[PDB]
Structures are given as C-alpha cells and as structure tokens.
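Comments concern the structure below.
Within every chain, numbering begins at 1; the chains are lettered A, B, ... in the order of the sequence lines, protein sequences first and strands thereafter. Atoms considered below: every heavy atom in the structure, side chains included; atoms not considered: hydrogens, waters and symmetry mates.
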Amino acid sequence: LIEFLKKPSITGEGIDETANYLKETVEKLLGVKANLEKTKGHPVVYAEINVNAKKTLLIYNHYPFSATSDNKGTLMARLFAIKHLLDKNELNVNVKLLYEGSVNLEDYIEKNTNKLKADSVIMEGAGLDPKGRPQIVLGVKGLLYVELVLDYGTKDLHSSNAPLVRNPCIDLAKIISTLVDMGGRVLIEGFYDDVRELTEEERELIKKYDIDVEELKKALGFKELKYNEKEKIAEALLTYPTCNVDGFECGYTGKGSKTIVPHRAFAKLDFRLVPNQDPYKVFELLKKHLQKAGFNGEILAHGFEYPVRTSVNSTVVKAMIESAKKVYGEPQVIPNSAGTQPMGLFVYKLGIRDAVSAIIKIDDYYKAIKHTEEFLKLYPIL
Amino acid sequence: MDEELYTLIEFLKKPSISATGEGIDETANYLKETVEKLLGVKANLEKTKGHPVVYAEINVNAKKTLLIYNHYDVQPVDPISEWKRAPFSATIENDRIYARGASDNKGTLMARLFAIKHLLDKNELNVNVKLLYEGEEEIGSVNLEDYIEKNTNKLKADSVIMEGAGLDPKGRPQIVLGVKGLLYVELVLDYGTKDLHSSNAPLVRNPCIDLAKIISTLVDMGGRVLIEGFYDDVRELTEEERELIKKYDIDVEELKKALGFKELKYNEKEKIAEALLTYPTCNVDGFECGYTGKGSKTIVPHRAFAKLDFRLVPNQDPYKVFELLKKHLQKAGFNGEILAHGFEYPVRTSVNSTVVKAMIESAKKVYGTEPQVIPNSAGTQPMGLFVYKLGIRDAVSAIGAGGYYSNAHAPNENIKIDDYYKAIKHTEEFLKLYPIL
Ligand SMILES: [Zn+2]
C-alpha cells in the first residue's frame, strides 16, 4: 500500500507507471494473469479469478505523494483480502477486477459486456464517515450537465444603445427563471412524471438516516438551510431531483464601472436525477421547454448518467451490512448518495442487478481488508 | 508643424486614465501650465476629494461670460494588443493623429484653447471666459458636484458649453442640447462563506437563480421598465423636440453594421431615433456567479452579483429612481447589498438660446453644411450640474475635433488633423458671434 501510495498517477502525468505496476502487482498477490487493455479513453486494468463458484462478483476501483483517499488505499485493501482467501482455499466466489461527467468510459464497457458479466458489482468503496461507523451507499443520483449560450452580435456595445437591441444577460436570466419556482421545484413539463415513489424499505432507511443538523449546517457554511428537521433534510438531500445553476457569466464584472450591452452570455446547469428519470429524456424535455420559452441560442450537454437504487434485501447488500457489523462493531445505510457516479453503467450496460458502493488511518485500511474478507466469505453462503 | 499641432501631440502623449489614476496628476499640472503659457492668465489646480480640477478666468470686461467645460482624463486602453500603434504615441499617419483621447476629449479641449489664444492675440475676444477642466468625466464625475457646490459664485456665467460633439457619419457638425441621466447600481447576494457541492442543492437557496429572478422582475420582454413609478416623472416631448427627432438623420443599415448585432429592435429610421434619444432604460452591464471557464464544475455558488445602469430622461431624478428601485427590490424579496454611484440628472435646453444660435451659425460657416441638432445625446455627461446646480439654463454641447471615424471608447482612437484645425476655427467663429447676438 505504501508503494502504491507513493507512486503518482494524476493531467495524465505519470499514469502508466501505476498501471504497469498494478498490472505487475495483481499477478504477484493473486497469482492470476492481469490484463492491461487499451481504450479510446485511458487504459483499463482487468483481471479474472475463477474458483468455479456459483456466484460471480465484479469489483470496481480507479488507480502530498510522500504517503507519510481516492482509492489510494481502498484498492489495496480489497486486494489483500482476496489474496488472503486464495491462500486458504476458502474463496467461494468468482471475482472480476476492473480498475479505471465521465463522458468516456462507457465506450469500453459496451464492447466488453460478455467479459464483464457478474451477479453483483461493488463500486469504488465508501469511507468511514464522521461517526466512524461503516457507511453503505446503495446507489447514486443520475446527472445531466448543460451549458446555455446566447450570442447576439460580434462585440459589446456601449449601454447608451440599449434601447435599440436585446440584452442577452436579461434574456438568459429570464430563461433560467422559468426553469424552477421560488422553492426550487422544477417547472419543466414532464420532469417529475418518471420519478417513482420510494419503496417501504427505502423510506425506512431515510427515516433511520442519522444526520446532526447543527453539524451539517456548520460544515456547509450557509447562513440558512431550507429545512431544519433531520427527517426533512435526509429526504430532500437523497430523494429530490434538482435543477441547479453552477455558473452564469455575462458582461463586465470587474472593479469600477464599464457601461455596456454585452453580446454574449452563458450559464451552466446540472440536474441531479432520481429513479426512474432518464437523462436523455430529461434533456429532451428541457429542449421542448426552452423552445416554448423563446430560447434563441446554443445548447450543449454532457455527462449523461442514470440514477441507481439497488435493493437492500438483495444478498450482496445483506452480506455488506452483516459483515461490517462484525469488523467495525451500526452501519449507516442509505438508498443512494446525494452525488453521482457511473454506477449506472454497470447496472444498465452489463445488466448487473445488484450494485453496492461500500467497503487515511492505518487502522482503517486493515479494517477495510477484514471487512472485505468477511464479505467475500458471507456472500457465497447467503 | 505649428504650435497648435505640436502642443496637441505633447498633450496626447501624456496618459491620464482616470479609471486607474495613471498620469492624472501630471496631466493636470501640464494643463495648468499650458493654459498659463498660451493665454497669459493665472490658472489654478483646485483640489477635490479625488482628481484635481484646472480652473482659469480670462476677463476682458465684457458684458457676457462663458463657462467652458472639458475633461483631461481619458478611457483605459486595454487590451493593448488590439492597438496598432501605442495608445499614447500620438503617431501621425494618413494626416491623422492616433492616440487615446484624440477625440474624447483632448483634441477638442486644446482646439478651444488655441481659438481663445488667437482672439486674445488680436484683441478680438469680447466675452469673458471661465475654464473648468475635470479629470473624472470617464468615471462619472464622482467628485465634481462637491467642488461646484462650494464655488457657485466663482463659476457664475451667462452660458456654458459642455465637452463638445464630433462630426456625424455624413461629416456634418453636431449640436447637442442635453443628455440622458444616469444611475449605476450593483446588486450583491452572499449566502454563505464558501461554494458547496451541487449535490447539496436541495438543502439551500442558490444565489444565481435568486438574483436572475430579481433582475427578471425589473423589465418585461420588450425592455419596458416594470419598477413602479419609473415613468411617472417622464414628461412628453415638446413640439420642437419632436421635430428635431424627425430630422435626425440615421442610415439604418450603416448603423446596424457598425453595432455588429445580428438584429435590431427597429428598422425605421425615425423609430430608431426616437428609441435612442427618448427612451429611459434599465440595462444589465454584468452578471457574475459561480464557476466560469472550460469544462464542468458542479457547485452551488455562495455569491452572485449584477451591475445595472439606468439611462434617464426629463424629469426623472436619479436619487428618486434609486428609491423606487429599492422599494421594488423589497417587494421582490431581495436579500442582499445594494451599491449605487454616478447619479446624473437628465437635461434638455432650448434651441433658441443665443449660445445655441451662435453655435449653429458658426458651425454652418466653418463646415459649409447644415449642422445636425438633437435635443439630447443617447449618452451621459455632467451637464445636469451646470444647468441645475449652477443654474445656467443656456447650455449646449458642440464643437468637436473628432468625428464618426474617430473610434472613441475603442482601440486606435484618432482624429483627422484637418478636423482639429476646423475645430479651432469653429470655436473662433463661435466666440466672435456669441457676444454680438
Ligand atoms: Zn468625454
């Protein structure tokens, strides 16, 4: 881990060193041949461990620097566990290893669907959380990123000409204002039609979800939150889709005053999606809305990602919960994160029904190793 | 090269960007010294809360007194890369002088000075002249009123001429009988100490959207201002004023190409003239919030701000409009800071004053074409202070070393050397004629 931690692999600098090293390391520890696959994006490290087991599992990870947590240790911890089970011959599950708005990546998976078949899949991993209790996230919100651009002429005009032209700042401001109401509810027609109610189990988890409001509010730094009750906060943070403005720039915004009609304006939007919303469908709904709103400019989109919620009752989740309790001594389980990851690629392109994202202090790493071990042993028998 | 041209070049080589303050004090001192040299009277650097004012009186015991206003400060020159010649080289090429400030407003300032000199040298000056050169015109003349209010008796005059006006696209001299008023405003929202991961969006208000919603309430889609009471003080045009607008000569296609916008709101020339000269505005100069630049960064920004300028027409009071705006922002649930500056009054004066008449007739004699007379400029100038605070009703903006070709407020600003000489000439004829009418 220290050797893996020391090597840097950022801008695309010094990456091949870790890729070849990792390709060299998976073999030494597990004894199985490790493949390094070229791609339009960045190369992918792939390895397969077959114990002729009933169930097959997919493991997913991604490969100041003196080393004295972005998979800086989560990757190594899971590896030594499988190594520890291989030596004892107690391993009873097939394991495929895949090491990586995520615009690319999907291209690799689509051309290797048969190779990557598995009953369940485990994502990059989950941290220890503020409480120190093991945190298990059962999914992610989807994503749609959009940029809107208005360009009404070749140059800014002196503002004295304002009576003669349209101003793109006010135009784009008005467009943006039609997207949501005062309380943040999205006004795009059909936006909520695909949002499904929560299951009873999903509702139970949100109720059980323990957030300290005062600590959350303090850590955010905003003068005021829309909600004060912890139940309400959990519900909104994890269940509500959004239409958020990440950016808006137009005209002169430096010190003093330069009086003009700008010729160009743009704004960046991100939509957090929940099941069963489709980013491509939402994108179309947005375009229809913009047209009715008189939008006269350019639309650019990227980072289309699908939302995911994997049943807590599924054997892979049961295995993750019961194993954590044994090693950590209660695990905080949530139906999905507020954020977004390419979990949806493994559910809808590989058709892998059950996906979980769980399992730096030195004591945390060793725990992650044991937590991995206990899961790999309990999953086959569940 | 005669003294008229040489001195102008010398003047133009001195930077005097009021926005940064670069060269302001040197220029004011040179100008003071130059006034004394050329006219042989005492000139004074007078202090203000900001950049200094150059003042001088040329008394010839005449019955009439003229107050002449100009400004020695110039616009910034960034980006320097777009300039073919250094902004302050005052390079001569193609019988033109290339420098920031050539048109707005040093050429016109210096022409007038040399006209006065010529008349003095011939004992032909029959009007007392008071000179008032400020250094903050390009930054809204912030500290000019305070100076004027303490020197009202000293600045007494029967008439006033403002910074002046260049030749129109057809090359005809322009006579301008007023200005639109002005109110700069900055709105700021700050909801937290730092940007948040947009994944938190359901928990908080977003300042970008809130501010976008606020500015959206200010105007309808056509640009009409929705602030309650905004138009109440706006008075109808006089018959003469309506007449002048009808005569205002606009090449619509040449104008459209000059501006460079894909579309204009109007196609008829009279409608453009009306909108440009008669409509008050609520314009957004800027809106900044959250992440800008290449690629995607996902956040809830904690801060958003916008900059607005309101162009005003008679009888709107900028201080009143500010109050109306504030009442409006209350109702719209505005929750942030409001900062204002550059309060300027709109102005319109009579075409029938002798100073205007003297200006029309002199322009006609010197340029040999029909002067174009408009009731006010689309832009702003501190004419309001002279008319309302000093009580000088007879005010006009005319005489100009520059023209349509001049690229004022733009790179490669320049004036034709021949236009500089005609400007001196226009001023001479104006000064000979004003006292006899
Ligand atoms: Zn000027």
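Contact count against chain A (heavy-atom pairs under 4.5 Å) is highest for B:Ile215 among B:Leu211, B:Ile215, B:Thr278. When the candidates A:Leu164, A:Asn161, A:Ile260 are compared by the number of heavy-atom contacts under 4.5 Å with chain B, A:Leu164 comes out ahead. When each of A:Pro262, A:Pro241, A:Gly294 is checked for heavy-atom pairs under 4.5 Å with chain B, A:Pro262 comes out on top. Among A:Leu157, A:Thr242, A:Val261, A:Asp151, the residue making the largest number of heavy-atom pairs under 4.5 Å with chain B is A:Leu157. Each of B:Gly223, B:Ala304, B:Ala275 has some count of heavy-atom pairs under 4.5 Å with chain A, and the biggest count is that of B:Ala275. For the set B:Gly260, B:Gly342, B:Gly140, B:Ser216, the count of heavy-atom pairs under 4.5 angstrom toward chain A peaks at B:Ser216.
For A:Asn167, the part lying under 4.5 angstrom from a heavy atom of chain B is the side chain only. For B:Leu259, the parts sitting under 4.5 Å from any heavy atom of chain A are the backbone and the side chain alike. The parts of A:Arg166 that come within reach of chain B are both its backbone and its side chain, each placing non-hydrogen atoms under 4.5 angstrom from that chain. Contacts of B:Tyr184 with chain A are made by side-chain atoms alone, with heavy-atom separations under 4.5 Å and no backbone atom involved. Heavy atoms of B:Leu255 lying under 4.5 Å from chain A belong exclusively to its side chain. Contacts between A:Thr259 and chain B at a heavy-atom distance below 4.5 Å involve backbone atoms as well as side-chain atoms.
Ring pair A:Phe191/A:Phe271 is tilted by interplanar angle, where 30° to 60° counts as tilted.
Here the side chain of B:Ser377 pairs a donor or acceptor atom with the backbone of B:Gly379 at under 3.5 angstrom.
A salt bridge is absent between B:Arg100 and B:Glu138: the closest approach of a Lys/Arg side-chain nitrogen to an acidic carboxylate oxygen does not fall below 4.0 angstrom. Salt-bridge check for B:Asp309 with B:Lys307: failed, with every basic side-chain N at 4.0 Å or more from each acidic carboxylate O.
Under the salt bridge (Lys or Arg N to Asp or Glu O under 4.0 Å) criterion, A:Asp181 pairs with no residue at all, not counting sequence neighbours. Considering only residues two or more places apart in sequence or on other chains, B:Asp195 meets the salt bridge (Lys or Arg N to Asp or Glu O under 4.0 Å) condition with none of them.
Contact annotation: the side chain of B:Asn143 approaches that of B:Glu136 to within less than 4.5 Å [non-hydrogen atoms, C-beta and beyond].
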(Q) Please evaluate residues B:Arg311 and B:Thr380 with respect to the criterion side chain to side chain donor-acceptor pair (under 3.5 Å), reporting the C-alpha separation (whole Å), side-chain torsions for both, the decisive distance (0.1 Å), and the verdict. (A) CA-CA 8 Å; B:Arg311 302 287 176 160; B:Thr380 298; 3.0 Å; yes
